[PDB]
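Single chain ahead, written as structure tokens, the form deposited without guanosine.
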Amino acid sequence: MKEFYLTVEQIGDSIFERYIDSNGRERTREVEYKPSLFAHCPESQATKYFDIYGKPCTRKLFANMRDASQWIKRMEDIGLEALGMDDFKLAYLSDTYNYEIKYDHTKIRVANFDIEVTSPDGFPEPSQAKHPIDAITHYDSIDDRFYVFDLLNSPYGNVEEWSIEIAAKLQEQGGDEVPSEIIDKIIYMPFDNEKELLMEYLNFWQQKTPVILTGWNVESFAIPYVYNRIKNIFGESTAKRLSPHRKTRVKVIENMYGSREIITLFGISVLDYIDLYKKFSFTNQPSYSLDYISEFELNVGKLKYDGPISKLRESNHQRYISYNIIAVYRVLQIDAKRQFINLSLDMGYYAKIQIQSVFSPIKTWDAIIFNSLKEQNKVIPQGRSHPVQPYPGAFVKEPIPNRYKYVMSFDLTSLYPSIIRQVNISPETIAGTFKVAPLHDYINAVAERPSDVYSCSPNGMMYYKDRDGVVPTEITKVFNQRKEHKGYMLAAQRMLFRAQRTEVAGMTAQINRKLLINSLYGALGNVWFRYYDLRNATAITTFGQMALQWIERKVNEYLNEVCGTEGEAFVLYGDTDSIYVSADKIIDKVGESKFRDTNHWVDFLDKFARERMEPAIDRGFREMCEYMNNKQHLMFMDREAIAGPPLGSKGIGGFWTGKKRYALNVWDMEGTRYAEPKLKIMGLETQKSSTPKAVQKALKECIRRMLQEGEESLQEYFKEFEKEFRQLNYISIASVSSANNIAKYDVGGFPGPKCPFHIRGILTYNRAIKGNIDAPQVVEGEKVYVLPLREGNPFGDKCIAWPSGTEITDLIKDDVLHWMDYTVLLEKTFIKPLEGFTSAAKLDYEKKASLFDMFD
């Protein structure tokens, strides 16, 4: 067993560490670590240490971490750089584990848990923990068990014990259907009072103290709630036992006009699964509730139940407990699929950081680079403060709103990381500047070649080509590592246990590598990264902005020569690292007529791209490279999509309403020829969570009908949809939104100045519902359905909004399902955005429409 750390904390002058020893047992140790920092010295000083600029450095070994930290402030007062890794935990980590870390996840306690708190009033604020915790389910990855803590008697009810037998039975049989996979893994524990429950849980927590602590929202609700409850009841020093080092800090987050507080538990790494998912999932969702996600990921959600959750414990304690358990299990089932915790461990051990830092691109890269330079006696720059100045970013072409029959799209691979390597952008690489011509001049090889000596970016920056930059070297290394591991995955498929084993469990390294790669430019633009430099960040994006436009010229010119046309605009759209070309003239040179079926032309274009364009492109970028005199040429484009209408149909190809707003009928993607064509829709309301369900549906149909079938097909559907609108379920045709800053406009239960339309709706609901505690209340920052109300309604206003995902209290319903203004609803959510589609694609959604309402 090669040792490896579990958690590291610096608690003034001493480092507290939890680690797995050479025998796989968990041990903990206190170390009075002595760090070393560095200062520039004269050349007379003989040293093995140099900064990234080659300047000699003296190594200063401190008595304790306090001394070190003192010297830094004292060094800041003087005016001289204080070189070295200032986050000692990392340094200490790098010293105690200088070698590749191999971890046995098996020996790492990973706890996943959830809490239940019956509350008669509103949501039980974790900062105050006013109500009893009547249920806790805590799964421990080591024992592979679900430990359940049931509160039998509470100010809110005295209930019977929970039943496994029943829990396992079908819903038909009155059971909870707790999966059989876990049924024999549940360990049940009923308590007579909360104090017993809490104190028993706390001792359990000491025996099976978590290393990694996750669950769904455990960081904003469960952990603070447990901490505060135990604290309010017993002493504060009892709550602290929740920390293996008995130290905890109250951290206050104030993001997005809010202000919440979490509890830092020294000696534990919290990875709230809802955050891991938001990060490493890369799939923006209209909701992040455990149910929605669970459904999306596993095809089933949280246990279902009747009545208000706050009434569930009395009414159905049996389900209540089972619901608690199923919630813990749902999370595990997602991780059993996405392996995010596992992905977090790989990363943390690859960079040698606290696993929690997997949430910070900066901390991660700083650590990766820090160890890379240590290994070669180099000293990292001191972190510097930097005014936050916004620099120009990605380039985006204004498209001519229109229909586009045939379209091929191309992508640049890892543009930004490529740009760093190709130009060699890094702090200790800046070699100077050059008079800057206007960007377009560069995009057209008209401006004077910036240099004969240095690598250049259009923003006037010049870099050395001889030496190797720290940043570029570091990504390249990762790029290589990615190709290494995904090189094993290639042959790791030729007793398939000695072929598949790591073939997939190993490949996931390919993943993290990719994650570092795509997060480097992010760090570089962050003023808190010790390698940030405004000039460089700007050099990276400006070069990219030149890239896309220079290649647009090249692709334009080529197709024009090839097609015997001149001045014709082929590149119809460009977005940061990709272009979309119109292939009409290329389809014509052959004549749509000469094609067997659709797959025929989809094949023609594929070849044409791979055979005639790709090389003109690589030719073009190579020229650009000689122009900027770059270190090397990493500017590689790929044919992405091939789109067009089904051969023989009257469907337009696709269309563009504006920037980031378009739709295509794609038949091929990077090579994969789909069986049926797929709609690629970007920015249209069909892709918006605020668009009423039924409507995003009919809008998607409308788009499809437009692309694949003709205009006639579209009009038929439209007519039908109006004709049938009033017959749709109201939950389906009601728009949705988020209720933020309700009271900010709540003036006596009425709308103040600038009151947003939906917030106003909320208030109308509020007033028609004031006096009832038997009516689902409109919480803050939540989500609300919104419906327009016909003129002269009893709610006294144009609209109303109630809590989403739910029906509407029979108090106001019927009256709502009577005054809702279908007309206004249809127009606002369906007809107008469609009209935006049609006007752009040059189509009508209603026969005969004076072609003139398109002028002025």
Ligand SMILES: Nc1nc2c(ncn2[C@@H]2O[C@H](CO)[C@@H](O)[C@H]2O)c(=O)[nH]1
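Note that residue numbering begins at 1 and tracks the sequence as displayed.
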If you look at the other compared entries where the surrounding residues are built, does residue 343 lack coordinates in a third or more? no
State whether residue 700, though modelled here, is left unmodelled in a third or more of the other entries compared. no
What number of deposited residues lacks coordinates in the span between residue 494 and residue 495: none, 1 to 3, 4 to 9, or 10 or more? 10 or more
Mean CA temperature factor from the deposited coordinates, higher in 126-134 or in 714-722? 714-722
Looking at the entry, does 222-230 or 287-295 show the higher mean C-alpha B-factor? 287-295
Among 484, 366, 577, 121, which carries the highest Cα B-factor? 484
Based on what the PDB entry reports, which of 140, 236, 618, 588 has the top C-alpha B-factor? 588
Residue 565 - which third its CA temperature factor falls in, relative to the rest of the chain: highest
Ranking every modelled residue in this chain by its Cα temperature factor as given in the entry, which third contains residue 848? highest
Among the chain's modelled residues, which third holds the C-alpha B-factor of residue 623? middle
Split the chain's modelled residues into thirds by Cα B-factor; is residue 664 in the lowest, middle or highest one? lowest
Going by what the PDB entry lists, where does residue 13 fall on CA B-factor within its chain: lowest, middle or highest third? highest
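Not pictured, yet referred to below: the form solved in complex with guanosine.
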Would you mind picking the one in 47, 804, 36, 809 that has a heavy atom within 4.5 Å of guanosine in the entry with it bound? 36
Contact residue in the entry with it bound, from 59, 828, 790, 55 (heavy atom within 4.5 Å of guanosine): 59
Find out whether any non-hydrogen atom of residue 374 is located within 4.5 angstroms of guanosine in the entry with it bound, and reply yes or no. yes
Is residue 592 one of the residues lying within 4.5 Å of guanosine in the entry with it bound, judged by heavy atom distances? no
Applying a 4.5 Å heavy atom distance criterion, does residue 733 contact guanosine in the entry with it bound? no
For residue 378, is any heavy atom within 4.5 Å of guanosine in the entry with it bound, or not? yes
Among 90-98, 157-165, 710-718, 611-619, the stretch whose residues bring a heavy atom within 4.5 Å of guanosine in the entry with it bound is 90-98
Taking only heavy atoms into account, state which residues of 350-370 are within 4.5 Å of guanosine in the entry with it bound, ordered by sequence. 370
